[PDB]
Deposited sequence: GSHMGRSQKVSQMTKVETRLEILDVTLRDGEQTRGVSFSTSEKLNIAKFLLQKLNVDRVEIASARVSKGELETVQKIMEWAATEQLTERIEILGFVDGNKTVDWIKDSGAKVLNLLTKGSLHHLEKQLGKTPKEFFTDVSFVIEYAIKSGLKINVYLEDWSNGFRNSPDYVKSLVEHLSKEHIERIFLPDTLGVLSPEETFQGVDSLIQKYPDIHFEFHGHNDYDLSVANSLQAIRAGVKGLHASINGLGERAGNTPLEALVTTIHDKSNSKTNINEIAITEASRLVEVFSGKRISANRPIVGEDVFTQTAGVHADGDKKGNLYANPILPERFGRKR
């Protein structure tokens, strides 16, 4: 039922010391969609550079070949025509628009009025649709926004509710939420807009992202974001391997992920990204199954290991 958006390729490209070659990104994207069976993959950020543009084009060429074109998403910005033009040239068909989700961010970075910014936003979305794209919208810094400026947040969502978008992403951008706060923030919007597909996007700064995600599910979220091995800036994103296992074992919700591919996915990302994981890393660590009286539902063969 729940959709899973992997952001390993986009955020990983942001991680210190990490840079995937075109072949590597292609290899990883293919595995995530076909083997792990994640619903969608966010593979790059618009306007980063050519080559990246080239990488996305090569990935889209393949995607067409497999009828997976709409499962690839590109993170973009409210920059007029730039992001949309870039994506148009890339061959990608889905834009994940980064919009200021807190009054504080809007004012301090853009110095624009909510109405003025909402207008810039409407321009991008309309132009995107004109250009043959579908749009998902990130409420950047939402975790601070609903706690310090809930009015702005409500007006933003209200504006977007009138727009022709596919989903609204609720990101704990700076990773400052507790599970309680997450349920509250999510519940606050899902009740007001019961007809909108919201997805929660956690960050692991306090090692609370999977727990926050579970509460997000409790509040009515229809999707969740995560990355393999938590790859990403700072403390990274919600760890996909642990998120999926926890959803399957500790919640009454489901995912389309093939658990058996989880181990190889982690190994793939670790080698290609060059970012080592610890041996005790939940579900995927080398020593995680070592030690029937002491048996957990977390068995090695379940994730394609030890057989």
{"property": "Missing residue ranges, deposited sequence indexing starting at 1", "result": "1-18, 310-321"}
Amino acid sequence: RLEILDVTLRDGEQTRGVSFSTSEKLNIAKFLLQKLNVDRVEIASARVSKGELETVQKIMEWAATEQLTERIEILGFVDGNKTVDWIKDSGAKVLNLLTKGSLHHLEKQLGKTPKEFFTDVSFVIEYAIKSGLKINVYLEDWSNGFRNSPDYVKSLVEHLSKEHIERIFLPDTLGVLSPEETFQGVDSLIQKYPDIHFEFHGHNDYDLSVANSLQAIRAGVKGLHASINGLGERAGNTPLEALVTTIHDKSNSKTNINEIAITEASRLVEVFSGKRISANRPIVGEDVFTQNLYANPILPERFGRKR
From here on, numbers count along this sequence of modelled residues.
{"property": "Stretch exceeding the other in mean C-alpha B-factor - 103-111, 74-82", "result": "103-111"}
{"property": "Mean temperature factor over C-alpha atoms, higher-scoring stretch between 258-266 and 65-73", "result": "65-73"}
{"property": "Maximum C-alpha temperature factor, selected from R147, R234, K93, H201", "result": "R147"}
{"property": "Which of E126, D205, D187, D172 ranks first by CA B-factor in the deposited coordinates", "result": "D187"}
{"property": "Cα B factor band for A219 (lowest, middle or highest third within the chain)", "result": "highest"}
{"property": "Among modelled residues of the same chain, the CA temperature factor third for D6", "result": "lowest"}
{"property": "Chain-relative CA temperature factor third for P194", "result": "highest"}
{"property": "Third of chain Cα B-factors occupied by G285", "result": "lowest"}
{"property": "Lowest, middle or highest third - CA B-factor, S155", "result": "highest"}
